[PDB]
Amino acid sequence: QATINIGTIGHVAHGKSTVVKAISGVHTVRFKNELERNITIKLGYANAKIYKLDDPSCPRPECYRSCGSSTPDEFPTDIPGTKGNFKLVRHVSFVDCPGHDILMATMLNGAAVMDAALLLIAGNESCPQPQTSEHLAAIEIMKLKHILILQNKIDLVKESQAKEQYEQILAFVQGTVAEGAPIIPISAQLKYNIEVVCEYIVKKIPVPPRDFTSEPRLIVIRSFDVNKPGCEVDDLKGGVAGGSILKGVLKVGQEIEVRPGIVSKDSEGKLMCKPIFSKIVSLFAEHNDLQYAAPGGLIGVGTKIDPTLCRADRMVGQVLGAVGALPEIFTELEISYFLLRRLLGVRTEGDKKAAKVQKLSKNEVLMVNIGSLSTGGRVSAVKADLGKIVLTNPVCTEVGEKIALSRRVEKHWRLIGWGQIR
Amino acid sequence: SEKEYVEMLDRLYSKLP
RNA sequence: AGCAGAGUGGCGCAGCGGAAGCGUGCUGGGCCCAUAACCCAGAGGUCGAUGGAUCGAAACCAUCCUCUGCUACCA
């Protein structure tokens with residue numbers, strides 16, 4: 001299954017497929033083929049098995065040696081050991097977030113259900129690069145600090161440039177946790193020092209305490225239909241949710257409720273929403289059958305919902321509770337909030353436009369990323385430490401946790417501040 | 001912090017031309 | 001992946017059991033002192049593939065082949 005969710009976030013032009021296939025062995029993929037124009041801009045999924053020969057390096061199935069195929073310029077070979085079967089240490093899960101700035105709201109959502117991260121830095125561009133800081137800050141807000149910085153694209157980048165970049169990032173982030181996070185330079189054109197990464201992810205990132213006894217909550221981020229185009233009438237199936245569970249052991253045959261709900265017909269107001277109920281058909285993770293779905297892992301829960309809800313990606317950031325979950329489904333919400341004194345996620349060589357942003361004005365639409373949900377809503381009352389927001393589609397608030405608040409600076413939204421629900 | 005980096009830098013960059 | 005379209009001369013592209021068409025270039029010659037437009041002949045044919053029912057498949061039938069498109073992505 002899975003034990004931890006390590007995320008693979010990283011700004012434009014570092015190469016995703018080479019690094020993702022080295023760590024998991026499962027390709028990051030989704031629509032267009034044209035696998036991506038540059039680096040993956042979709043929310044990729046992948047799981048993997050991490051075993052040892054009693055060595056800090058992680059074998060392949062063929063554990064005698066491993067000859068890469070990253071480049072035919074030279075032969076990159078590494079040796080994990082010699083063969084006689086290897087001991088399974090754990091089953092790991094990844095969360096490949098978008099690597100592009102416009103997709104920030106999606107990157108936030110996907111990130112918010114991980115248990116650790118890997119900041120994929122690229123040495124090609126600017127030294128205190130916008131997105132590195134954006135990522136790091138969001139991570140410390142959500143409730144994580146289990147980060148391993150990875151210098152992913154320094155294959156042709158000289159050692160002065162690459163040294164200056166790690167220095168400037170680590171010096172800018174002087175108020176964000178990063179001093180207890182290692183910085184592992186690797187090759188992505190010769191897959192070198194990959195074996196030492198395997199030692200790091202088992203060290204810096206154990207399994208955090210998971211609450212089995214507590215009531216099941218599944219947060220769905222990806223939508224999958226298994227009926228698909230060309231289905232037969234008596235080959236009928238349910239609709240499958242790619243979600244991570246962050247609380248409770250969800251068992252097979254259990255009934256689960258999707259709690260933001262669907263709005264009642266001919267509503268004259270903003271209420272009323274009614275949750276949808278679906279019975280769990282199957283609990284699939286990796287490529288191995290399971291009867292349980294332990295928390296701390298990203299699992300494909302097939303449920304008895306019908307094709308229309310899974311025919312496109314429409315279940316992004318929905319909260320699912322088993323069953324008749326107590327969590328309130330607000331339509332208008334009381335945010336406590338604070339703002340950054342800089343504009344996060346933007347800053348170029350001329351140092352534009354990380355200038356301090358003006359105060360929020362009422363009746364402006366802002367993206368409130370609450371939980372893994374992403375709703376848009378307008379601010380109806382605006383006091384400094386008390387704003388009232390009215391949301392277009394209702395938000396199930398599992399706990400008052402955190403929020404991330406963004407404002408439409410130009411073409412798309414950009415992160416301005418965070419806070420906590422009251 | 002930077003020990004992790006420099007150890008692996010002298011591992012990596014010795015194998016470059 | 002399933003799905004709407006296509007399979008013809010270089011290109012455009014008629015056509016359907018008793019027929020490889022026509023448009024455009026192609027090349028020669030004529031008219032005229034000569035070219036041009038024009039006219040004539042010349043030149044360009046696995047009609048995807050694999051067969052079957054058949055007195056005969058360019059035509060029926062089934063499959064395979066391809067690009068053109070769809071819910072937009074299918075653990």
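Here, each number is a calculation from the coordinates, and none is a lab measurement. Here Cβ is always computed from backbone atoms with ideal geometry, including for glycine, and neighbour counts include all displayed protein chains.
Tabulated results
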quantity	calculated
Debye-sum result for segment A:61-137 in log10 I(q)/I(0), which assumes one identical scatterer on each alpha carbon, at q = 0.15, 0.17, 0.27 Å⁻¹	-0.84, -0.91, -1.25
Efficiency of FRET from Cβ geometry, A:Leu340 and A:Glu364, R₀ 22 Å, rounded to 0.05	0.80
Quotient of Cα Rg and 2.2 N^0.38 Å for segment A:341-393, N being how many residues it contains	1.37
Inter-centroid distance (Cα atoms) of segment A:190-208 relative to segment A:376-409, Å	38
Protection proxy ranking, peptides A:3-16, A:380-393, average beta carbon neighbours within 10 Å, highest first	A:3-16, A:380-393
Dimensionless Rg/Rh of segment A:5-204 - Kirkwood Rh, Rg from C-alpha atoms	0.95
Hydrodynamic radius by Kirkwood, which averages 1/r over all alpha carbon pairs of segment A:1-118, in angstrom	15.6
Over the protein assembly as shown: Kirkwood hydrodynamic radius from C-alpha pairwise inverse distances, Å	23.1
In sequence order, calculated HN-Hα J values of segment A:126-143 (Karplus, 6.51, -1.76, 1.60; Hz; x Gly/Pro)	4, 5, x, 2, x, 5, 4, 5, 3, 4, 3, 5, 4, 5, 5, 6, 4, 1
Two-decimal Rg to Rh for segment A:184-224 - Kirkwood Rh, Cα set	1.21
Peptides A:40-49, A:69-78 ordered by average Cβ neighbours within 10 Å, highest first	A:40-49, A:69-78
Highest-fluctuation residue, A:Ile79, A:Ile194, A:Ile50 considered, GNM on chain A with Cα pairs under 10 Å	A:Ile79
Mean separation of Cα contacts under 8 Å (6+ apart) over length of segment A:217-321, as relative contact order %	41
Estimated 222 nm signal from helices in chain A, with DSSP H stretches of n ≥ 4 weighted -39500 (n - 2.57), rounded to 500	-3500 deg cm²/dmol
FRET E, pair A:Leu326, A:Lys411, Förster distance 60 Å, beta-carbon r, rounded to 0.05	0.90
Unit charges on C-beta of K, R, D, E only; dipole of segment A:5-204, Debye	700
Using a Förster distance of 22 Å, the FRET efficiency for A:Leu88-A:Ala22 (Cβ separation, nearest 0.05)	0.70
Calculated over segment A:150-221: convex hull of Cα atoms, volume per residue (Å³)	165
Inter-probe distance in nm under a simple model that places probes 7 Å from Cα toward Cβ, at A:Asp234 and A:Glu349	6.8
Charge dipole (chain A, unit charges on Cβ, about Cα centre) - positive-most of A:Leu309, A:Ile23, A:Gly10	A:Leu309
Length added when fully stretched, A:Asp306-A:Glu159, from 0.36 nm per residue minus Cα-Cα	47.4 nm
Taking the convex hull of Cα positions in segment A:277-399, its mean projected area over all directions (nm²)	11.5
Assigned charges on the beta-carbon of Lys, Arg, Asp, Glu; the protein assembly as shown dipole about Cα centre (debye)	880
Chain A, relative contact order [Cα under 8 Å, separation at least 6], %	15
Binned Cα-Cα distances of segment A:217-321, short to long, each 10 Å bin given as a whole percent	15, 46, 29, 9, 1
Dimensionless Rg over Rh [segment A:328-421; C-alpha; Kirkwood]	0.98
For chain A, built as a Gaussian network whose Cα springs stay under 10 Å, the top-fluctuating residue of A:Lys191, A:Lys352, A:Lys237	A:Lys352
Simple label model, 7 Å out from Cα along Cβ direction - A:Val12 to A:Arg378, nm	3.3
Net lengthening on full extension, A:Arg314/A:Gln291 (0.36 nm per residue, minus Cα-Cα)	5.6 nm
Gain upon complete extension [A:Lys274, A:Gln168; 0.36 nm per residue less C-alpha separation]	33.1 nm
Equivalent ellipsoid dimensions for segment A:295-351 as semi-axes, Å, which come from the Cα gyration tensor, largest first	35, 20, 13
Within-15-Å neighbourhood charge of A:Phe212 [Cβ basis; K, R +1; D, E -1]	+2
